[PDB]
């Protein structure tokens, strides 16, 4: 094992630890592509988790500055300020692939703004936040998972990322509420006559289920639209991306089976993930 191998192994550790669904799928990529995914993953994770390190923007600004160094000077040695192992790996990737740096900056800005989080007035705001947290990730992964990037490739990847973020929201309603976050828009909550606090205390009702299913239907339709355009991605990545998405889509059915509970995080069992892989893989 080289030093750089050690750097990617560490990124892999982070992804396996923190992202059971995405780890399962993306680890099936060919070596050079999965390694790039691990590095992108670990960067994004550090960005997402940065505020809780000291309680403020310090570690985040250090990440941003590290990324800026890489963008400006991809072939120079940097004394990274944040997590050196992750940044060395990102830099190695950047030397070989087009990285959409502005997409990382969009994600960072999204994390900065989350410090001042006020509920979304409308679904348009909510979907805007989904872009910032996850459409950006889709954009960053595009050159990794496709052979000749076009506007269509980016668009599909962005849509997928945003759909997965909406599923994430749908899984985590109760936990988010405990953390003083509600992501359903004020407009939709008012229309469906849903108070999340009241539902957290008293159990689901038909109003809440109707509202949840309204968003679920959006995530599903977007998922189907991505599946229909899967050929934008490289032949090797197609079944893997399909797997990643299907595993995440299955979370919706898990929520339903747990009666839309606001008091635990549902999950797709490993054995089910394997079932989905068999189904997809026979198709390919």
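Residue numbers count along the first chain shown, from 1.
Colleague: Mind pulling up the entry and telling me whether 166-174 or 91-99 has the higher mean Cα temperature factor?
Modeller: Looking at the recorded C-alpha B-factors, 91-99 comes out higher on average.
Colleague: Between 115-123 and 182-190, which has the larger average Cα B-factor in the PDB entry?
Modeller: In the deposited entry, the stretch with the higher C-alpha B-factor mean is 115-123.
Colleague: Using only the C-alpha B-factors in the record, can you name which of 160, 204, 211, 196 has the highest?
Modeller: Comparing C-alpha B-factors across 160, 204, 211, 196, the top value belongs to 204.
Colleague: What's the residue among 59, 38, 233, 215 with the greatest CA temperature factor in the PDB record?
Modeller: Comparing C-alpha B-factors across 59, 38, 233, 215, the top value belongs to 59.
Colleague: Split the chain's modelled residues into thirds by Cα B-factor; is residue 139 in the lowest, middle or highest one?
Modeller: Within its chain, residue 139 is a lowest-third residue by C-alpha B-factor, going by the deposited values.
Colleague: By its CA B factor, does residue 109 count among the lowest, middle or highest third of the modelled residues in the chain?
Modeller: Residue 109: CA B-factor falls in the middle third of its chain.
Colleague: For residue 150, does the deposited CA B-factor place it in the lowest, middle or highest third of the chain?
Modeller: CA B-factor rank for residue 150: highest third.
Colleague: Split the chain's modelled residues into thirds by Cα B-factor; is residue 45 in the lowest, middle or highest one?
Modeller: Lowest third - that is where residue 45 ends up once the chain's C-alpha B-factors are sorted.
Colleague: Ordered by C-alpha B-factor within the chain, which third holds residue 75? Give me lowest, middle or highest, please.
Modeller: CA B-factor rank for residue 75: middle third.
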